[PDB]
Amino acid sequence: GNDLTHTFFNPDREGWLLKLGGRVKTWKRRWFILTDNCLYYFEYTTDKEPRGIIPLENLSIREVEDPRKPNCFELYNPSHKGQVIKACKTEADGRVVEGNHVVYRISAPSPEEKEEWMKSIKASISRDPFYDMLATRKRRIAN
């Protein structure tokens, strides 16, 4: 494959987390890298291409309780409840496709690492009316 790792040099934060799927609600262990207003995740630390990319545009973070996983938080859009979060993930053949998430539920290995991740992600959110403008205009004419 291609080594794309210059993209991830000197990140804001990195670490292992468990994440819940979009349509199919399965948990997966993923290596996350937060950098340049994007949250990336990988299957293995040795991967040179991301499994997923989440541009951090007008998202918020909330603590949630989960019956089976500890130290959970969610990424969500407060202004457009129920609307799909922009993201992409890689299919088996390497083709990038759009994500299906309305939220990203994530479990951290300790409450300390949860706090670190929430603080870091909040600091890295790109906030701008532009994103809300796009969502609103798109929804008005979607067919």
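The numbering used is simple: start at 1 and walk along the sequence shown.
A.B. asks: Which has higher Cα B-factors on average according to the PDB entry: 32 to 40 or 65 to 73?
C.D. replies: On average, C-alpha B-factors are higher across 65 to 73.
A.B. asks: Tell me which stretch, 52 to 60 or 78 to 86, has the higher mean Cα B-factor listed in the entry.
C.D. replies: Higher mean C-alpha B-factor in the PDB entry: 78 to 86.
A.B. asks: Going by what the PDB entry lists, where does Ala92 fall on CA B-factor within its chain: lowest, middle or highest third?
C.D. replies: Ranked within chain, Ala92 CA B lands in the highest tercile.
A.B. asks: When the deposited Cα B-factors of this chain's modelled residues are ordered and cut into thirds, is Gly22 in the lowest, the middle or the highest one?
C.D. replies: Answer is middle: the recorded C-alpha B-factor places it there.
A.B. asks: With respect to C-alpha B-factor, does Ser124 fall in the lowest, middle or highest third of the chain as deposited?
C.D. replies: Highest third - that is where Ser124 ends up once the chain's C-alpha B-factors are sorted.
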